[PDB]
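>>> the sequence isn't on hand, but the structure is:
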């Protein structure tokens, strides 16, 4: 496989979410972090959603992106500067 970059995955992730819909409303009694895919690799996540059909699952992945996205941008912004 080719060489992967944090900026590349960050762009693919961010846009991935912006592309997906947002008419969700399953919010009930609060509960969605029931799926911990933090370990899943960017390739695994994107892949799963690319070849999956599970609502809850799909959501989990997307959520794992948004999370590691704001964090990646935060830590990066803090690490960038000297």
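Noted; the coordinates are in hand. Numbers count the residues shown, from 1 in each chain.
>>> only C-alpha atoms from now on, for both contacts and neighbour counts.
Fine.
>>> what's in contact with stretch 66-80?
Under the criterion CA atoms under 8 Å, 6 or more residues apart in numbering, residues 10, 13-14, 17 lie in contact with stretch 66-80.
>>> at 7 Å what do you get?
Stretch 66-80 is contacted by residues residue 10 when judged by CA atoms under 7 Å, 6 or more residues apart in numbering.
>>> okay, buried residues for the longest helix belonging to the chain please.
Ranked by number of residues, the top helix in the chain under DSSP state H is helix 55-80. Neighbour-count burial for helix 55-80 flags 57-66, 69, 72 (criterion: 16 or more other CA atoms under 10 Å).
>>> distance to residue 49 for those residues - can I get that in a markdown table?
Listed next are those as a markdown table, based on distance: CA to CA, whole Å:
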| residue | distance to residue 49 |
| --- | --- |
| 57 | 8 |
| 58 | 6 |
| 59 | 9 |
| 60 | 10 |
| 61 | 7 |
| 62 | 8 |
| 63 | 12 |
| 64 | 12 |
| 65 | 12 |
| 66 | 14 |
| 69 | 17 |
| 72 | 21 |
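>>> tell me the one of those nearest residue 3?
The shortest gap between residue 3 and any of those belongs to residue 72, at 18.7 Å (CA to CA).
>>> and that closest one, how far from residue 17?
Distance, residue 72 to residue 17, by CA to CA, to the nearest Å: 16 Å.
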